[PDB]
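One protein chain, two forms: both are listed below as structure tokens, the first as structure 1 and the second as structure 2.
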Structure 1
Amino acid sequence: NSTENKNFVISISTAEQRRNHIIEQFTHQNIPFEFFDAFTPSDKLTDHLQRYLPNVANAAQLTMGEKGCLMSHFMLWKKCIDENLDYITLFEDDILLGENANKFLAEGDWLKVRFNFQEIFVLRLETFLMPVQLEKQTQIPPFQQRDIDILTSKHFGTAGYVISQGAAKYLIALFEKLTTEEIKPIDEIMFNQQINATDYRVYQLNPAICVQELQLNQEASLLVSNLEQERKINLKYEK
């Protein structure tokens, strides 16, 4: 019911190259937006940390990079409340946009007609990328020409989504009700932790309307291998 800016792209202030890449895209599809200076290990970060989320400042089970990332998202939720917005739409500076992205981002009526915004929902707009992937090892030596790659559980859906005001409130509180106890990074809570019960539901626009390209090429490269491996083992056992 407002035309106050809802489209926010989290970006490190000096990330010149990315910001240009972003500007070209949003412009080209005639989509109004604003940047947001992403919190980095600094005075102004550490400030807001013990101010709003003390529990986190102590927690060394997170890199500062993840503390700075989580805050970026947190304050932008607080803004949805402050400006009393029905919903706000968050991105990171490393995305690519769909074809009819305008119809979803330029206007916001399709959204009004389909949802009650004080309900506690998120809508992922980013393609779904596997919440698991592997990194190459240096410490542990490859036996019989097979690496011991290390598994990670990053849930790359934080780079593009709508959050209801209801959901904004829910998340804001939920994060202040942690004391290093279940303190895991933002992705591993929003989409993962709370996907089992409580009234807070998560939707996935499908097909999606954006992507973190690099992750896709990697995810794809992994699951082509995984598949070819699987095929050769099935072929082996056929004797």
Structure 2
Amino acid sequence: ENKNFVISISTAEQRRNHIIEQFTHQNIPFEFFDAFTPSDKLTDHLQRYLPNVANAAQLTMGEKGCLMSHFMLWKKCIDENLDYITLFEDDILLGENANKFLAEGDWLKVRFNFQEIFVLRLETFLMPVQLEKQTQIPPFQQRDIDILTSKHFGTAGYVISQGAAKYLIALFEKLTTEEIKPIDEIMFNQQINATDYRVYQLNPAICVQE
């Protein structure tokens, strides 16, 4: 049964073509998941599963769509009782030998207990954006006063266990409107060190976002 899903807007024809070309070339089975966009489908799904996220001003409707797409794929994993599911965004470039990781699950089956709670990053480890410049407050002694953020950690390529699929559905359903952040900031920053939640990194990575 199919484990590799590529999150793609249904009308993103060129991106879908570049994905099909690369996956076909390395004989890696996959399906598209039709990414949520500003729509009634997104609005109703947010209301059905994440009304806490529907009310969150601090997320753009694009960021809300991204989170809903990943969420529904965590649901699919539970519903089909898959051991794991592997999720990509449609702007990824596969490395040579990605098929050694992405065609077969045996290397996962001999390393992992799928009831345990883990994510394995397949995408390159990304340094967050941290210093934003601002003009409101003037510099002093030729040093700037920047704003601190931690943004864009990347959700474009990871394996998630059934255990972590359950864990993350519950987490995003649990969080108050004030606690909501973009999916990447929770999955790959805030929840790191949490009790029983492990994130692994394939080094070197087997794909990267364009």
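Shifts are known only where both forms have a C-alpha. Rigid core (definition): largest C-alpha set, two forms, superposition within 1.5 Å. Numbers given to residues start at 1 and step along the sequence of structure 1.
Treating the chain as two rigid parts that move between structure 1 and structure 2, state whether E126 and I10 fall in the same part.
-> Two-body split between structure 1 and structure 2; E126 with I10, same side.
Rigid-body rotation of the smaller part against the larger between structure 1 and structure 2, in degrees?
-> Relative rotation between structure 1 and structure 2 amounts to 20 degrees.
Core-aligned CA shift between structure 1 and structure 2 for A60 (Å) = Its C-alpha moves by 1.0 Å once the cores are overlaid.
Superpose the two forms on the rigid core, then give the C-alpha shift of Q145 between structure 1 and structure 2 in Å.
-> Shift of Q145 at C-alpha, rigid core superposed: 11.6 Å.
By how many angstrom is the Cα of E135 displaced between structure 1 and structure 2 when the rigid core is overlaid?
-> The shift comes out to 7.2 Å.
Displacement runs between structure 1 and structure 2, C-alpha, 2 Å or more, three or more consecutive residues, core aligned = Residues 133-157 form the sole shifted run.
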